[PDB]
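> got the complex split up, this is the first portion:
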Amino acid sequence: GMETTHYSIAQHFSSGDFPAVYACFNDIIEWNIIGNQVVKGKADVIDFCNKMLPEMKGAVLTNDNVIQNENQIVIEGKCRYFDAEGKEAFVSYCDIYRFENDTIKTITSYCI
């Protein structure tokens, strides 16, 4: 049902596998990366995700926790990557999805 589809979409996006869910983007999707920027519209969000994709492919992302209602879903997780000293580092993230039926209407990401 809808709950399982939302769950899957969110899991894929949060873990960096953006291309698996581009077809689920609303035409006017917004991605609000808190403290950074808001990317708006299907084409601009897909292009931004594609620019970012190699960084995700080189990193290791683990989704840790999920909070789901009928409409909105929240995923916490961590992204392991390597810093300037070429040393291991971790970004802790919280991604919040608002769906409009089976499309992603908004994504809000807190990344620390």
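Yep, it's here. Numbers count the residues shown, from 1 in each chain, chains lettered A, B, ... in the order given.
> would you list every one of the strands in chain A?
Ranges of strands within chain A are A:25-33, A:37-40, A:60-68, A:72-82, A:88-100, A:103-111, based on DSSP state E.
> can you count the residues close to the residue nearest to residue A:33 when sequence neighbours are not counted?
Leaving aside its sequence neighbours, residue A:33 sits nearest to residue A:109 (C-beta to C-beta, 6 or more residues apart in numbering; 5.1 Å). Placement of C-beta: from N, CA and C, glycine included. For residue A:109, the neighbour count with other C-beta atoms under 10 Å is 18.
> what residues are bridge-paired with residue A:68?
residue A:73 (DSSP bridges).
> and the gap between the residue at the greatest distance from the centre of chain A and residue A:26?
Distance from the centre of chain A peaks at residue A:85, with 26.7 Å (C-alpha atoms, centre = their mean). According to C-beta to C-beta, to the nearest Å, residue A:85 and residue A:26 sit 40 Å apart.
> what do you get for residue A:109?
Residue A:109 is 17 Å from residue A:26, by C-beta to C-beta.
> now residue A:34
Distance from residue A:34 to residue A:26, by C-beta to C-beta: 20 Å.
> related to what we said a few turns ago, can I get the strands of chain A in JSON lines with distance to residue A:11?
As requested, those are exported to JSON lines (distance: least, C-beta to C-beta, whole Å):
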{"stretch": "strand A:25-33", "distance to residue A:11": "16"}
{"stretch": "strand A:37-40", "distance to residue A:11": "21"}
{"stretch": "strand A:60-68", "distance to residue A:11": "6"}
{"stretch": "strand A:72-82", "distance to residue A:11": "7"}
{"stretch": "strand A:88-100", "distance to residue A:11": "10"}
{"stretch": "strand A:103-111", "distance to residue A:11": "12"}
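> residue A:15 is nearest to which of the ones you listed?
Nearest to residue A:15 among those is strand A:60-68; the distance by C-beta to C-beta comes to 4.6 Å.
> sequence for chain B below, add it please:
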Amino acid sequence: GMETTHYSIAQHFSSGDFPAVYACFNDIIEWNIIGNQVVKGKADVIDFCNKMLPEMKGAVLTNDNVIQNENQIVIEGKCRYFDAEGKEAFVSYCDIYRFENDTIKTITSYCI
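Placing chain B onto the earlier chains gives this:
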């Protein structure tokens, strides 16, 4: 009912009015301030909140959005405060509460 009580508790904590909800803390409550620290146990979390309270009283906190299931609740908001130049600044927060019936079991805060 339970949903409205959880909602109220979370609203008060997220807006910095910690003393209104100390009586709702679980004995082994944990507050995980992402990228900072984990404060553990009722007494230590209350003491930490009390140390922080004057900073909250001098700031202006606005809860913007809420995602609630039967158990866990997520509040997004912003805290307006003044920086080193004595200039206005804003921390964007996402607070995630896990309840154990009517007690707060865990709080996880992402603050940017």
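> can you check the neighbour count of residue A:109 again with chain B included?
20 (other C-beta atoms under 10 Å in any protein chain shown).
> returning to what we had before: next up, phi/psi of the residue farthest from the centre of chain A, please.
When read as degrees, to the nearest 10, the backbone of residue A:85 gives phi -80, psi 10.
> measure it to chain B for me?
From residue A:85 across to chain B, the span is 19 Å (C-beta to the nearest C-beta, to the nearest Å).
> and chain A, which residues reach chain B?
Proximity of chain A to chain B, by C-beta under 8 Å from any C-beta of the partner chain, involves residues A:34-35, A:67-69, A:72, A:74, A:76, A:92, A:94, A:96, A:108, A:110-112.
> only the buried subset of these, as a PyMOL command please.
To isolate the buried members of the residues of chain A next to chain B in PyMOL, using 16 or more other C-beta atoms under 10 Å in any protein chain shown:
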select buried, chain A and resi 34+67+68+69+72+74+76+92+94+96+108+110+111+112
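> and the helix ranked longest in chain A, what other elements does it pack with?
Using DSSP state H to define each element, chain A has its longest helix at helix A:42-57. The contact analysis (3 or more C-beta pairs under 8 Å, 6 or more residues apart in numbering or on different chains; DSSP states H and E) places helix A:42-57 against strand A:25-33.
> show me the contact partners of the strand it packs on.
By C-beta atoms under 8 Å, 6 or more residues apart in numbering or on different chains, the residues outside strand A:25-33 that reach it are A:38-42, A:45-46, A:48, A:100, A:103-109, A:111.
> just the buried subset of the residues you listed, please.
For the contacts of strand A:25-33, buried by 16+ other C-beta under 10 Å: A:39, A:45, A:46, A:48, A:104, A:105, A:106, A:107, A:108, A:109, A:111.
> okay, now residue A:51: neighbour count?
When neighbours are defined as other C-beta under 10 Å, residue A:51 has 9 of them.
> and it, how far from chain B?
Taken as C-beta to the nearest C-beta, the span from residue A:51 to chain B is 22 Å.
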